[PDB]
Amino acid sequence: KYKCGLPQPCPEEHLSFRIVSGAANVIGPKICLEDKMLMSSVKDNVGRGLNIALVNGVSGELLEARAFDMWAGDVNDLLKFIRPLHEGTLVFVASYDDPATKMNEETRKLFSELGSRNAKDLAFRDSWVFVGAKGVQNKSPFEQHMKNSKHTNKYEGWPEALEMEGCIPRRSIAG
């Protein structure tokens, strides 16, 4: 195993990452970058809702990681966290339990501008993992979504946890 437990390394200056979303309302998510856990139950920084790590796209430094309660939290807290990002900031997102109840149109639009295809349709108890970036042009290649649906839900009441891994190119110091 290589960085973050991937089966292959990420060469050419790329950042290795792995995200696992939550399982129902009992197993928290985790976000790994370059073999370091940005968010996990061991770091004790995850919670129900959206678990978001903001990362410098040049250095890979963690700027901040926070969980946002999407059931009872004020969505303006989430919005203040994700709106004023510098160009190239990477945005790692893992849902836990319910990512959607407090999401509003402004939040869906901002995630879309960060590269999300699934934010526009996110609904109660969906599973979602996503890596976006401030200034991305096309949609992100790192996004998975599972709808909360009784026919397919792994759990009584919730969809399965998602696992996503990959290699992210570094931004240059140019500019």
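Throughout, we count residues from 1 along the sequence that is shown.
Relative to its counterpart among 145-153 and 107-115, 145-153 has the higher mean temperature factor, C-alpha atoms as listed in the PDB entry. Relative to one another, 8-16 and 154-162 have unequal mean CA B-factors, and 8-16 is the one with the higher figure.
The PDB entry gives the largest Cα B-factor of the residues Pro29, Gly60, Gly132, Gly49 to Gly60. Remark: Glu87 belongs to the highest third of its chain, ranked by C-alpha B-factor as recorded. The PDB entry assigns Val42 a C-alpha temperature factor belonging to the highest third of its chain's modelled residues.
In the deposited entry, the Cα temperature factor of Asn138 places it in the highest third of its chain's modelled residues.
Per the PDB record, residue ranking by Cα B-factor puts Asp126 in the lowest third of the chain.
Remark: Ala72 belongs to the highest third of its chain, ranked by C-alpha B-factor as recorded.
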